[PDB]
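Given next, in structure tokens, is a single chain: the form deposited in one PDB entry.
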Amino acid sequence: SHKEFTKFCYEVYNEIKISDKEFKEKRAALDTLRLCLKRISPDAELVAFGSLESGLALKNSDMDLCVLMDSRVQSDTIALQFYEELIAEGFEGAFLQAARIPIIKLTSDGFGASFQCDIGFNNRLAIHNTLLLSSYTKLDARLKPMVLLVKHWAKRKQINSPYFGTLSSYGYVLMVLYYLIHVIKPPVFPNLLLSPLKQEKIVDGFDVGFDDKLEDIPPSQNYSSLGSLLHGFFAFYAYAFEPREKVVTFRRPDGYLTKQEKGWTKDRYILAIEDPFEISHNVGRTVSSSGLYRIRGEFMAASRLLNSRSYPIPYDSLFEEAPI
């Protein structure tokens, strides 16, 4: 049970994870942008966040960067100077000024036409979200391949499109973490936000505090295989999770929170996933009725495949490209 599925899981993981060549290319891109920035403003710094930073990136990943500056200095000149410099160094793309905040979206140039890099300014909340995810990936070796396999599945099944009514990759990562912390028994992970060792840390009006002294955390008491974990994850969201009523949350000791209790009955609450630090944000706000239908449909198809009576089980079907 799951030994063969586990073998398959790791094989796929090693095929879909970002290659050493691509990683050093992305690192080389980051070093260039940091150079460009250093000449515009020595005191500022360029921080990477998201998948590339936390080690949860698939092949051909895009970049997500953040520029940090003192709050007294009006960004306008620095962000636009940086954009001008990047255009001069061969990148192409957009500068967007929207609601008093600037964003850079680079689209071309290694690094080629393959290049897609989003640059924000003083997006500290995203940095802290990534720090939490990075911490969990350091705590247990099973998490990185589990996340990559789920992201790969969601992309292949066309349920990873927040603009077409389904769910962001970050959403799926939080669904995985919720399952590993609050559903599976024994837990794979403790809840680092609710730990007695957690200290309040207020950043931009939110508490981003969590227990980050990972060295002192004992080994997981869950000894199940990657295959077993995945099998469990698909079954939970296929059958047990009740999206009409319940909220995926990192703020309850037992993981129990209803939409009514939360007060989450164009932001949708069809699928409700409470962001662990920015708790007023529903990461699932992009999911529509038809989108949830397809997401639930694919969880059931995945779970049914993994429990097939027919041998041998066509495990490759799990990552088979869906129509539409």
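Heads up, when I say rigid core I mean the largest set of C-alphas that superpose within 1.5 Å between the two forms. Each residue number is its position in the shown sequence, starting from 1.
The same protein has a further form, the form deposited in another entry, not shown here; the description that follows concerns it.
- Residue shifts between the shown form and the other one, rigid core superposed: of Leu214, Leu197, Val203, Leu96, the only C-alpha displaced by 2 Å or more belongs to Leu96.
- Core-superposed comparison between the shown form and the other one: the C-alpha position of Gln158 differs by less than 2 Å.
- Once the rigid core is overlaid between the shown form and the other one, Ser134 does not reach a Cα shift of 2 Å, moving by less than that.
- Relative to the superposed rigid core, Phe115 undergoes a CA displacement of at least 2 Å between the shown form and the other one.
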